[PDB]
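So here's one chain in two forms, each on its own in structure tokens, numbered structure 1 and structure 2.
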Structure 1
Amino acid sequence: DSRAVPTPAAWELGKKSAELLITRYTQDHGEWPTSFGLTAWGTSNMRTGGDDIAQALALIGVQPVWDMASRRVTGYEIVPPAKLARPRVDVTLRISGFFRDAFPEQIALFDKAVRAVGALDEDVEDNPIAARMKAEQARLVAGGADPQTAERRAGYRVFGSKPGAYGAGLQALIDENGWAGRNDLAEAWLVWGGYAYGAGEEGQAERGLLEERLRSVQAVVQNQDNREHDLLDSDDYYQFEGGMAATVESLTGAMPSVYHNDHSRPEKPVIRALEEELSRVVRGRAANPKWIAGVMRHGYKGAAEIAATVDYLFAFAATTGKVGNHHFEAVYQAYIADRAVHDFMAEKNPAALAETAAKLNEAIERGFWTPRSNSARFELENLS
């Protein structure tokens, strides 16, 4: 039932997640955060009863109100600063197409709650949201806007692909490998996802506002609720979170922090930097000999999984630069320079092996991977 989202359980999860995330930000940077960017998918919030909406609401310092008997959400309440041991944090929400289609009432609740917070009389130190909204509202009025329209424009925090469309709109570009820099991905990303959603707003084109929001962002955030997929067995994670982060860098010239958080255990959510999660997946899956044993008893599908992994590794390197040499080395050593695994791929899927050795040579060229010795570089183009 959509009417009951976010749930009490999802709000506990998202309230705890938000605090661990601010703690972690303060530990990495030595100051309070003022602006996060969040990604929000449909099936994820169905499975958790609205973890991401919850989190975004706790970050801005607002809480759902439920009917005590039916447990439908009937509205929101502002957490007052009396109840806040940390500052409100500004949130910009990149929503997927399916999330747009499945959770419009929750988009409407988020949109309202954030405009409400944006209209309080709090100090800048405590409320960056209000300070941004009023200042940008001022600026649009200076240049000659109707105050009503300034309010609307300065107050959008929800952004996605246009009505009837889906995805991150990078797939054309990235697969063909026709980009000069991050700027090309960021351009395409902004184009596709630059549509605003509000209480009574149905997907206006506002690419300018999205740029203004992404310039403020200090950290990109994504929550994963299950251990069934991982950020390296699908293209979706790098497109959404890697895309956003690439865009902030194109706009600001500095790569924001990225945090890829674990909500698979709702009682204990773990915050991790993207670098840390990539590492966990390489140790626990990609380069895990038990996992590699497994996919060598699946022939074609199995060697596809291998090639795919290096693809998404490659794609994270290009969007965020948060893949190290160690990682590329690990997949080369475990996939190509293990003749057991090489031979398995040559036999059972010669395409996947050429794809693989192509993406590894592109990694050397583009500077993602400086190999252990030049022996490596010869063999890889050789094999292609």
Structure 2
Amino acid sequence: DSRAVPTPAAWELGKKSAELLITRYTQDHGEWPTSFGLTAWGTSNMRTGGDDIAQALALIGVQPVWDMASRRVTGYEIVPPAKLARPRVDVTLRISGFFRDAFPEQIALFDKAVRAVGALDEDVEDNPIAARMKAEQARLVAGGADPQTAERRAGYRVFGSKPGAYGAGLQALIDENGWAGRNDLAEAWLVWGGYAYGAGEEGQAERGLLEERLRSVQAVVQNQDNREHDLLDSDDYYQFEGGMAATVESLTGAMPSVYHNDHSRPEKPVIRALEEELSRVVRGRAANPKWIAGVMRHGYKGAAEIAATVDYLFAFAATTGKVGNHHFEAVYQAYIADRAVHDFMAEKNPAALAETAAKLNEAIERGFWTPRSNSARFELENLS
């Protein structure tokens, strides 16, 4: 039932996650965060209790209200400063097309909550949301804006693609290799995701507002709720957390922190840096000889998974620059220099082998990988 979302169990997770994310931020940076960029997304195969929205509500310092009998969400209640041991953190939410289509009530809940936090009379150090929404509203009014229009526009926190549009708009740009620098990925990401969503209403073209929100963002955040997939076998992560981080870099001149969080065990959320998650998945899966031996029993399909892993690794380097030289070296050695893996791929799926070689050559070309051997360049080019 979409009216019962976020569930109390998704709330408990969102709250613990938000606390752990703030803490990780303070450990990394030595100061309270004031502005995160979150992605809310979904698959038919996800847990359904409303984790993303719960985390966003927790960050801003709002709690859902449930009907005790029915367990439906009836509204929200602002957590007062008396009940906060840290400041409210501003949240800019990028929603996927799936998320936008599936969960209009969640979007409306968050939109109303964050605007209500932005209207509180609280000190800037407790409430950066209100300070931003008041200042932007005031700048718009002083330009001649109708105050009501100005309050509407200053308070937008939910951005997505227009109706009938899916993904972040980067896949073709990366696959055709028709991007010069990361600024071109940021431009496509803004064109694609520049629509503001508010409670009840349809999407509104508001690219300038998205840019202003992203200019403030200090960390990019995305959550994973199961271990049946990872960030190097699905397009859900590079295009949202990856594309959002490219865009913040393009607007500010500094790459923000990216936190790829593990909500697979709801009682024990684990916050990780994207570099940590990348390395966990290379060790655990991509370069894991148990994983390689297993896909070597699935023929054409297995070889395609190897190739896809390299595609995603490249996509993360393209958007974020957070893929270390060691990862590219590791997959080169595991997939190309290991003659048993190389020969498996050449026999069962030579196109997948050619795609892997071509991707590693582009990684060299872009400065994502400097091969430990000079002969690796020629081998890869001769192979592709």
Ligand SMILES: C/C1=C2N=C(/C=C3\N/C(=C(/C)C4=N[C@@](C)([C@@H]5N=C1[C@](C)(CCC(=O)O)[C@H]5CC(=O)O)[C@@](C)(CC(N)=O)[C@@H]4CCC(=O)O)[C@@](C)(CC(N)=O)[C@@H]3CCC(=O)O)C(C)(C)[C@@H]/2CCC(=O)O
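Here, residue number means position along structure 1's sequence, counting from 1. What we label the rigid core is the largest C-alpha set whose atoms superpose within 1.5 Å from one form to the other.
Between the two displayed forms of this chain, it is structure 1 that matches the form solved in complex with the ligand.
Once the core is superposed between the two structures, every option in 46, 337, 65, 346 stays below 2 Å in C-alpha shift except 46. For residue 377, the CA shift between the two structures after superposing the rigid core equals 1.2 Å.
Taking the core as the reference frame, the CA atom of residue 236 shifts 2.4 angstrom between the two structures.
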